[PDB]
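Colleague: Here is my input, please return the structure:
(one chain, ligands or ions: 1)
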Amino acid sequence: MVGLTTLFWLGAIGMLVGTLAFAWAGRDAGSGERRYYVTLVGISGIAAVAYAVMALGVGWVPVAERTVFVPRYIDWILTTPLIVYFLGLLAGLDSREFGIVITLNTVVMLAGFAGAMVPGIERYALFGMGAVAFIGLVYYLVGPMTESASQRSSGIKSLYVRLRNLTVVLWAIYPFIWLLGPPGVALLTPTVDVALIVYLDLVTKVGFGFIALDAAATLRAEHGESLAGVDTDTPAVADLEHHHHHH
Ligand SMILES: *C/C=C(C)/C=C/C=C(C)/C=C/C1=C(C)CCCC1(C)C
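Modeller: Numbers count the residues shown, from 1 in each chain. Pasting the structure now:
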């Protein structure tokens, strides 16, 4: 529609805000945190373009009587695994462990994708696994990641609790918006439901990303910027104690 595009436009605005908030504050950061910054910027960025394109009407595919958005579902495939990846950076999982969280997000996002691409009502089955699988992911959020992060660093505990709790909550809302919204049985208005959806992606990235800045700001503020080497030739002596007095 013509008024539906407004949604993607709005979401795109929130993305621009985050992108800059993390880009500017990120460049001012020290050496090491850049990983968490570039990552956070990556999600807000990929999303920003997805909203801008969908906002123009491109990527829209027709389906019998309903319309599915490819760039939307695909955007999630690129963002969702990126979010869980962020959580993995905080705690610090293993090589195989990282593959488990990402592989799960792949099959999950794949369930929903084909979910809306159903010619009848088979979607109930696709999402069926999407829900069970979903719980699997949320489990990891409050699973081993708890002991891994709580034992990684002092600041990690703060960023882990705020991010994990916040993310899982709003994320746990997805099963409702997809099932109830148009992608499922369409309870509310196509425009209203979408508003919540875009809001869900916009809240995850920007939401923790904002809290992300505050926390990281305290990490560097506890010592005023990360320490580094200094250039100084021939130090200043003050104590040496002589051993020769009588000879
Ligand atoms: C920035 C965008 C984000 C964080 C998007 C997250 C999306 C999800 C967690 C979507 C989950 C879904 C399921 C668990 C079931 C199948 C349908 C989906 C794709 C709505």
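Colleague: Could you export the strand or helix carrying residue 43 as CSV, CA atoms only?
Modeller: Here residue 43 sits within helix 34-54, counting by DSSP states H and E. Taking C-alpha atoms only, helix 34-54 is exported to CSV below (Å, rounded to 0.1, in the frame of the first residue of the first chain):
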residue,chain,number,x,y,z
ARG,A,34,35.8,-1.8,18.7
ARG,A,35,34.6,-5.4,18.1
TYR,A,36,31.4,-4.9,20.1
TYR,A,37,30.9,-1.5,18.5
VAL,A,38,31.3,-2.5,14.9
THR,A,39,29.1,-5.4,15.6
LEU,A,40,26.3,-3.3,17.1
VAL,A,41,26.7,-0.8,14.2
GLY,A,42,26.5,-3.7,11.8
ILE,A,43,23.0,-4.8,13.0
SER,A,44,21.6,-1.2,13.0
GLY,A,45,23.1,-0.7,9.5
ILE,A,46,21.9,-3.9,7.8
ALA,A,47,18.4,-3.2,9.2
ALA,A,48,18.5,0.5,8.1
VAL,A,49,18.9,-0.6,4.5
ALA,A,50,16.2,-3.3,4.7
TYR,A,51,13.7,-0.8,6.0
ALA,A,52,14.6,1.8,3.4
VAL,A,53,14.2,-0.7,0.5
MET,A,54,10.9,-2.3,1.8
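Colleague: Residue 71 and residue 53 touch, don't they?
Modeller: Yes - with contact defined as Cβ atoms under 8 Å, residue 71 reaches residue 53; the gap is 5.5 Å. All C-beta atoms are positioned from the backbone trio N, CA, C, and that covers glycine.
Colleague: can you list the residues of the protein near the ligand?
Modeller: 43, 47, 76, 79-80, 83, 108-109, 111-112, 115, 127, 130, 134, 171, 174-175, 178, 201, 204-205 (Cβ under 6 Å from any ligand atom).
Colleague: one more time with 8 Å
Modeller: Contact residues, the chain versus the ligand (Cβ under 8 Å from any ligand atom): 43, 47, 73, 75-76, 79-80, 82-83, 105, 108-109, 111-113, 115, 126-127, 130-131, 133-134, 137, 167, 171, 174-175, 177-178, 183, 200-202, 204-205.
Colleague: Which among those residues count as buried?
Modeller: Among the residues of the chain next to the ligand, those classed as buried by 16 or more other Cβ atoms under 10 Å are 43, 47, 73, 75-76, 79-80, 82-83, 105, 108-109, 111-113, 115, 126-127, 130, 133-134, 137, 167, 171, 174-175, 177-178, 183, 200-202, 204-205.
Colleague: for residue 230, helix, strand, or coil?
Modeller: Following DSSP: H, G, I helix; E, B strand; the rest coil, we place residue 230 in the coil state.
Colleague: Now do the contacts for it.
Modeller: If you count contacts by Cβ atoms under 8 Å, 6 or more residues apart in numbering, residue 230 has none.
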